[PDB]
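Given as structure tokens, the chain that follows is alone and in the form deposited in one PDB entry.
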């Protein structure tokens, strides 16, 4: 069974062919400034294993790695590229990434290692990484004999599976999606992650001090109002203090007891003064624990930068996710938490943070896909879309639209995009079911094209077995035919929403690629730092702001051409908070 390969003590010419499956192993989940434990190369001349100290010190190998004409097939090339960047080594010529290929073929498989991807094609001559390295406390690099065969088997799998995966991608019309979108994007993400974002740690530490004080205060007030101490951070103990010791009304229940979600607490506020305090305490506690303490834990002490990792092969819709730290969920709704952004600053003196965001990209994408005359016209006039919906569903002139009417029309717009049900619309607007249903009905009368799209997309999902996005990304929906109403309904909402969220994902990804090409042509020093679903955050010399104000929005607006215009707003300042 053992697979044959050369355990090389030195790099040789035949190891540098112009086409090879390459494995540059980084076992640490967070690959930033992490160790490379081994290298495997499989090509026309055979299978090879190279120790990193050797390979990475060989100028011929390093040259081969950076030679864009020497093509490499890999799995999670971003991981290798970044780990190499920290060692001052450039990786070029990656023409096939099995992780991204598998992700595009079926995001639902959750492929996160070569073995998982290989299984899709009935290839099982490779072990799962977890089986080799273990997990958690037991996770460690095996002895060279075991490590070497594993890396060679992974490279061998990649070598064998490239053609099969490319053939299916082609059949799915996703060949360009991999080659012209995801693979180029992977390199851009590597640059962004490697660059990192500078943090004003002293500012965060000061906020932490101010929060600790406020928490202690509110914390005491809570015990005083409850005439006793308990773990406020325990939905369990809290549920007892509120619904048992204080007799507060039980408006909502959970799977294991009473609900203490902010949602319910808001309704309970009128009954007792402790509720407001619990809400406030949670607000502050989230800021302290997740953001202040959290960020401080991952900031690099030497550079004061945080280096997130953008998981490019995880979400079912094509969006990216961000981890350790997640820089796509930094507070902004509430002013107090929003101030956390004042701690994200430019990495160099006299540089500024520039942020550009698409305005209502989901609803604009919906107008395009559904080809709804009323909705397309609304955007062609660049109308306030929520006021417009209110005018239509409540039958009133612009002047007759009250704040509450807009607030509700807004909730309906978001619900439509999410495939909201008459019930979930009530839960959100805290209204009835038949009422929320009447709203939805009024919406479809005003936007018949959208109603038709929602009906047609669900039928298409049932017929084909999947739905697709603008750039041909796909998501299988087997539950669309489930005879269990709830399971089927969730699938139906996904059928309606995925093409919208997914196409919006496609668009900003292409914008990022187009943008970097533009930045290079103009030789601007400006560069991307983050992507937050419908917005791009960059940093650049103050002298480049005027050029960026015109360049960034244009590139983002022209990424794709829809039946309605794409609109991008932008702001810049001395900190992320100020880029408003």
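Positions refer to the first chain, counted from 1. If you superpose the two forms and keep the largest set of C-alpha atoms that fall within 1.5 Å, you have the rigid core.
Unshown form deposited in another entry; subsequent notes refer to it.
- Superposing the rigid core between the shown form and the other one leaves a single residue from 141, 125, 396, 334 with a C-alpha shift of at least 2 Å: 334.
- In this overlay on the rigid core, residue 260 has a C-alpha that sits 2 Å or more away from its partner position between the shown form and the other one.
- With the core held fixed, the Cα of residue 280 is displaced between the shown form and the other one by 2 Å or more.
- A displacement of less than 2 angstroms separates the C-alpha positions of residue 162 between the shown form and the other one, with the rigid core held in common.
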